[PDB]
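First comes the structure, then the notes that go with it.
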Amino acid sequence: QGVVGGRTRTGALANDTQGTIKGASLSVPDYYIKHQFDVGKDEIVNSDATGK
Amino acid sequence: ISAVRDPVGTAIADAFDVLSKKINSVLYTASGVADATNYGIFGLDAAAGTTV
Amino acid sequence: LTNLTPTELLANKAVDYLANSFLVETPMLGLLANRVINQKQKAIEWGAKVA
Amino acid sequence: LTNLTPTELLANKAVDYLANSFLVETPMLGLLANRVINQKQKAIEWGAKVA
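These protein sequences, in sequence, are chains A, B, C and D. Numbered per my numbering, the first sequence finishes at 52, counting up by one with no gaps. Numbered per my numbering, the second sequence finishes at 52, counting up by one with no gaps. Numbered per my numbering, the third sequence finishes at 51, counting up by one with no gaps. Numbered per my numbering, the fourth sequence finishes at 51, counting up by one with no gaps.
Below, the structure is given as structure tokens:
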């Protein structure tokens, strides 16, 4: 934040400091949370037919 | 962002929300002296007093 | 592309969100604020029965 | 008050122009281009009176 100063009405102008605003920057990562499975069609239709 | 698309606007807003902040702060502790600490105002600790 | 989009040509438009959440509570100022008196004179004169 | 305008938050507009002035000059291809024969067969057979 820009701090304030103080001068008498008939005092010097005396420029003071300003705040800082900055560019915060995150990024959606290149990296996936992933999970892949290879399932044969034989497993898919054999379990389906003979699934307890 | 809208803050940087108007640095004067946010400079007024920043100084003008910390003006109120410094004004609030000095209403408590401001010994009345017209300096860079007590800012001329008498507040309460110079109005009433610090100790018994 | 892997090389046909350099960083310097990607705008990266920002969310229109400025993040000043600074101390702005002025309750002591908040009290006795909407009743601030703006005098045309620099002095404040009032009496006080002290005895 | 340069500080309230960080460079990171300044999105310079770009001249919508690309310095893509490479060598597209192809006259060898140019002539004998509109007469490219798109054949449904892989081979080009033709007679030549060689004597």
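Every residue gets a Cβ at the ideal spot worked out from N, C-alpha and C, and that includes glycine.
Under the three-state DSSP convention, the category residue i falls into
i	result
residue 25 (chain B)	helix
residue 31 (chain B)	coil
residue 44 (chain A)	helix
residue 27 (chain D)	helix
residue 46 (chain B)	coil
residue 45 (chain C)	coil
Chain-order list of residues whose beta-carbon lies under 8 angstroms from that of residue i (same chain, five-residue window excluded)
i	result
residue 16 (chain A)	2, 3, 4, 5
residue 22 (chain B)	39
Neighbourhood of residue i by C-beta distance below 6 angstroms, restricted to the same chain and skipping five residues each side
i	result
residue 34 (chain B)	40
Inter-residue CB distance, residue i and residue j (contact presumed, cutoff 8 angstroms)
i	j	result
residue 50 (chain C)	residue 20 (chain B)	Not really, about 35 angstroms apart at Cβ, beyond 8 angstroms.
residue 6 (chain D)	residue 23 (chain A)	5 angstroms
residue 32 (chain B)	residue 42 (chain B)	4 angstroms
residue 18 (chain A)	residue 3 (chain D)	5 angstroms
residue 8 (chain B)	residue 10 (chain D)	Incorrect: roughly 15 angstroms between the Cβ atoms, too far for contact.
residue 47 (chain A)	residue 8 (chain D)	In fact, because the Cβ distance is near 54 angstroms, the residues do not count as touching under 8 angstroms.
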